[PDB]
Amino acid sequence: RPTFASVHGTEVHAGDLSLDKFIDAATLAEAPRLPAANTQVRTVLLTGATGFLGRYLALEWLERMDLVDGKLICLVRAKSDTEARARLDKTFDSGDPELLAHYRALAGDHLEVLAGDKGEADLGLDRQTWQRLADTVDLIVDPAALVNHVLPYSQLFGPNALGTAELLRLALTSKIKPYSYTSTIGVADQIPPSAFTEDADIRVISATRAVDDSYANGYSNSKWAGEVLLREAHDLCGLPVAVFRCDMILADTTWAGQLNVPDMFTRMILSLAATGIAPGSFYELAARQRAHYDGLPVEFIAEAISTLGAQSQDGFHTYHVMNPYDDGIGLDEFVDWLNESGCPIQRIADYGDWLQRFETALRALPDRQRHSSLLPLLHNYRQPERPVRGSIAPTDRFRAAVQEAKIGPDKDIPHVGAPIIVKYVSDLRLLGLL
């Protein structure tokens, strides 16, 4: 198997990630001469459907396949196909009867679940099944990743970089398949701000990257590696690619009991509500300064990835799925909205004093809350954040495409509002965390 050592073995280079380190010579020689998959999509392969974004993508693609009597195939980690299907059923059994009925209605005719693993040869599938996917899949939608902001690139390489290369083997066999990929705004950690754009080739703007133990270094490197591999594949055979670099993915209001419990935003809301104390400001003071939180609700993101993804046109397109507005809606407003919805929060004016008292209050929480709180991430809040008026990244290509496709209720990128924050509270209560 390809490994971090065989490919990269303190700094890594985009040039390290040639497809010949992952895929056999014959597959690569043949890829330029293969036909494209049919542009009328009737079979979709979705990874990560048990994940937070992935389950919303599963709903999108079940709905889209219902219109054309098609099939959604979900790759799910499990010891058997039976267990895999049970895991995905359980994902949609969250205390919302309408969600469960909607999923069950669509899944009966349009869902296949396969046990497998992106990091394994042939995605962990037997040769007959793998060949069937190679022959039939019209689109790959790939949000699956090990999302962990502490592990090194050496440990995330398997699921996130090699995993991309394994899906590319499938995309480059029998017929060339469009590939929709989720990356992260975090790749910008090592890129000059003026060069970090939707138009750029990631190999040009991020040719060399450092490997170290800083926050999310490994994860952001691993997501960069996927983008680089996709660029290599596009050079070889022109496969359509859509890369969606996402900001923080927020919970959304349609379905009850659907939260990304381990993510840092959920941990923050739970921690504020449970301790009842917030800082005067989460941001550097001037007075409290105008600030913007760069997050988008998941139903919007799933719809945009689906509508604007690689099946929708030819070429290689990168989109910054970010919230660009200078709207003054930041973390301090979220505290105010928590307070206004019956989750009382007292402000401690001095940030340092707040942080010390907050740590003490977190340790006093009962186990279930404490384990899902900000306690393990407090190190990241040692200094207040510098406020930004909009996003750190440009969004012109994404915003134009969202407007042109008339996506969502705003026919535009949405703003965050109080109902999003209130949904965190009502879901945390439903899940027994408040």
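All residue numbers are counted from 1 along the displayed sequence.
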Missing residues of the deposited chain between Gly9 and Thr10 number 4 to 9
What is the count, as a class, of unmodelled deposited residues between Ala286 and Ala287: none, 1 to 3, 4 to 9, or 10 or more? 1 to 3
Identify the stretch, either 205-213 or 320-328, whose C-alpha atoms have the larger mean B-factor according to the entry. 205-213
Avg C-alpha B-factor, entry values, 39-47 vs 377-385, higher side is 377-385
Max C-alpha B-factor within the set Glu303, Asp138, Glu340, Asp142 falls on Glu340
Highest Cα temperature factor in the entry, among the options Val150, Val187, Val76, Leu230: which one is it? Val150
Looking at the temperature factor on the CA atom of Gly158, which third of the chain's modelled residues does it land in? middle
CA B-factor ranking of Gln369, expressed as a third of its chain: highest
Hey, what third does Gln346 fall into on Cα B-factor, ranked over its chain? highest
Looking at the entry's B-factor column for C-alpha atoms only, identify whether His102 ranks in the lowest, middle or highest third of its chain. highest
Ranked C-alpha temperature factor of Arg33 among modelled chain residues, by third: highest
